[PDB]
Every structure is written in C-alpha cells, then in structure tokens.
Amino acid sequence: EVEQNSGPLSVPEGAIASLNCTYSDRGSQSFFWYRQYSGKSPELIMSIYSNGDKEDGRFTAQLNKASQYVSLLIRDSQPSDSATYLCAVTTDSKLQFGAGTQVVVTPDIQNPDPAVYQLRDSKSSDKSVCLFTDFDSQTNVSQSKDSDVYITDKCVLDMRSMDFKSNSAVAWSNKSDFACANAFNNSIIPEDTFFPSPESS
C-alpha cells in the first residue's frame, strides 16, 4: 500500500511544493514519481532506487528506505507545475500507485487590477458573460448557489511573449435577474473591484 499527503497543496509561485509518500512493503527497491495533468496521462518524472537525494532540474526526490518514506520537492514552483503527483512503488522488474496529491501553484500577481467585464456574443448581442479578471491569488471564487447561474472557477492564463499572467472566472445565466454587478455576489471579492457600466440601448 502507498499513501500520499493531503491535497490540494496551494503553493505560491517561486515557493517549494513539498510532496510526501509512505509505503508498507519493506522489500520495495524501486520508487517513482508520476506527474498527471488534468485529463491527461501519468508521465514518469522521477525514479529513485537508493537512500538519499536525487535532483533533476527543479525536482528533488528523497528516499529513506529505513523509514519507508519517499519525497518530491518542486523548487521555484510555476503555475505550469499544477498537476496531480502520483507516487508508485515496486520490489522487482507489480507497481503500486498512490491516489495522488493535487498541487495548485498560484501565480504571483504583482499588479492586480480586479474588474468584472461584460462580453457580448459575437453572433447575438443579447447573450453575454461576466468575466471577473486581474484579481490576485488572495481571491477565491465561490461556486454557484443558484442552479440556473453558472460560475467557473479561477483559471490562470499566461501571455508568454509579454511575460504577463492573469486570473479570471466566467459567469453566465439566462435568468432575467442576472447582471455583472450581482454575478459574483457569493464570493468575497476585493472592495475596489472595477464594475464598468454596461453599454445601454
């Protein structure tokens, strides 16, 4: 049996994501770490066979055969590293896998400018979405309380050529009651969130 630490681990960008893993078979001689991105397959990232430390770029795997303990440290964490990390153990040339530890690396937003914008359908102006964007990683988005109002969780995008990262959450509804001003009412958002007036008719 393979047991891993409790997730999701929230890791600010630049910090160390610390993953632990304990196994019960004392004759285990091969230990591995798999990285699995959401909706993708487990990819082998590290292998450790004897006590001590093994480095590989930003990863550091540590093995303590006496304590039946395997570690993985992710140094200088990037939001790119957000994935589930699976620990796998074996004795000879089956592989026992742990349930995984989800790691969420939050981007370092140095210049937040939180705002809620109204975007219209390129095909039909009556249809719109509310985009809560440019908030810092202190802000959490609460899921919809109402069943006919849909709210997505915060997503990090990276404009790579500009080295610019930003958070955003989308909200939409057919309800006549729905508006950008009230869309994110179930979340604790910044007191200085910018709420531009919509285009009138």
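The first residue of the shown sequence is 1; numbering continues from there.
The deposited sequence places 1 to 3 unmodelled residues between residue 93 and residue 94. Higher mean CA B-factor, judged across 35-43 and 144-152 from the recorded values: 144-152. Looking at 12-20 and 185-193 together, the entry lists the larger mean B-factor for 185-193, computed on C-alpha atoms. Residues shown: 29, 60, 168, 161. Highest C-alpha temperature factor in the entry: 29. Among 89, 83, 72, 131, the highest C-alpha B-factor in the deposited entry belongs to 89. In this PDB entry, the Cα temperature factor of residue 172 sits in the middle third of its chain's modelled residues.
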